[PDB]
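Before any questions on how it binds or moves, here is one chain, the form deposited in one PDB entry, in structure tokens.
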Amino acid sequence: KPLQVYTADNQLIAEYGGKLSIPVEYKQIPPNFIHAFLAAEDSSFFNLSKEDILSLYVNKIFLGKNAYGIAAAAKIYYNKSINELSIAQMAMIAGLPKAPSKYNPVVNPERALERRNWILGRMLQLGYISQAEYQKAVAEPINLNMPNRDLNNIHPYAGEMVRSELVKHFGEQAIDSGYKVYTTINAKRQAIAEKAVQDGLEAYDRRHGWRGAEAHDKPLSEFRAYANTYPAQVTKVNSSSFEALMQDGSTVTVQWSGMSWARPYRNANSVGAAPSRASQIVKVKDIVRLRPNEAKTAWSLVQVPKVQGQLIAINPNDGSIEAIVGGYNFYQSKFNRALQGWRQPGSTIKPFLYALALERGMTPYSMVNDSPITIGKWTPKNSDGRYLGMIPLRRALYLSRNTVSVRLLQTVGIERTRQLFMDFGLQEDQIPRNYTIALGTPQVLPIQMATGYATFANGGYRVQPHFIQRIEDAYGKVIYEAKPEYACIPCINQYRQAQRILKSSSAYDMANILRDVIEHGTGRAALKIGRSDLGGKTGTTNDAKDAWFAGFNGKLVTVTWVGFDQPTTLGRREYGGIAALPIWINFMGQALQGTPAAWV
């Protein structure tokens, strides 16, 4: 009965095992196991006596690592039934009750082995085991064969989100419940998101060049496969090719076409000349990552991106988390950038501010001034370093005119804007008390940005992001049913009506301005999706340390981000519209494929 995680389309995706207890009948216990316990302590004053009392505890004794009883310890530590354990393994387990942490074979293997051999010696002294049985047993290593009891192989970011969030708020007891957790995750959309992120980050990586082998002269057993990349040891280097040994022991051949892409990385803004020979790319004993084609007939040299990314997709009517990708791959890093990655949103904040200007009486057609402006020592400048004068409000938004934002921020006031940023889902202590907030200086989580944009997609309401649809107990009884705040209660085909944070006119006008952003500049990239219900805003922070895209239709809000964990420039040429927008495009195109137009 483990904690089970299901998508919204009823796919079991994860199984989280907690406290384990597999009761056994005293008669089924191997006599050597009973003797191991009987020789575990120097004195007993309850011999025969301890043997009669052991039956009361043999299925409940806590033995470390969530194991209660002898059968649970055999399963957790060795992937064995009690009858499958060696004398050394029975002695190891019998050593644990006294202190399951001081003698744990995982935490303290030397002290555990010390304890185990002490017991083995006692078994010999008591004549429970022979010198041969003793000699064989003492020689034996720890031989732990621990089965992973946390199954998360289909959609790892989704499964982990449930486990880590339940454990964060309610502790380890949350997993011991045996509950069936029914999430809001769309399995189809989750697979799209995973693939879009992986492809998009590999696209960035390939254009930035070959960064060399991940290791040289190290054991191949020390590297793990993931994101369809297989650890390989370079064994031979030719003119146009190279031979390499896999983890199965086979030798593959990478031809020129599979490595010719390898222009050397110099810096974010420079790659060396196209390689002219295999020797400029690989050395023998180098550890490379390879990827086969669909057939497994050809292999190419690939690279795991150093850059990171994320994707978060929510339903704008209720805040349902439809797809979540926290990084390039869950094995690489368990950290979920959609929920834990604090970054500056850049110009993706501008729609929040421009909505306040619409709220206070302006329209998308209202004339605004794109001119120089100074506030103390601060002289905000546009990306292009040019000024356009009197332009309509919408031109200022689709062209990210910094001076206009700062001017609107003067007109509307910092406090009204900070209060508005909060109502859109941002954090009080993360929003500065100055005029730089108009440019997107606050620290945000991509999930908060999706919360914000949902307001445009749903008619001006604040929704709350949620991942649980319902929880059932092991016996199929519904014990929790999500009661989300709805923007539009009639749209569902009752309960909690979401608060209106913008006038309908303001969410509507902003949604149309954002659709214009897509039907012009970025834009010319996004309109490659043959759909007329899409709106969005690109963003780039100072020196391209972040590339963002936040966009929607009336049924789905997606926020994509690309950047390095330790903030570095992505490269001169790498605006939001270039690095993040492609991921957003592949996701939205496939996610929305075969659904009618859905607008505000």
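One-based numbering along the sequence shown. Take the two forms, find the largest set of C-alpha atoms that superpose within 1.5 Å, and that set is the rigid core.
Missing here is the form deposited in another entry; even so, the following discussion is about that form.
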query: Which one of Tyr226, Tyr265, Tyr387, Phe335, by Cα shift of 2 Å or more between the shown form and the other one, core superposed; finding: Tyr387
query: C-alpha of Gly376 off by 2 Å or more between the shown form and the other one on rigid core; finding: yes
query: Core-aligned C-alpha movement of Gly577 between the shown form and the other one reaching 2 Å; finding: yes
query: Inter-Cα distance between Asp546 and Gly577 in the other form, nearer or further [3 Å or more]; finding: closer
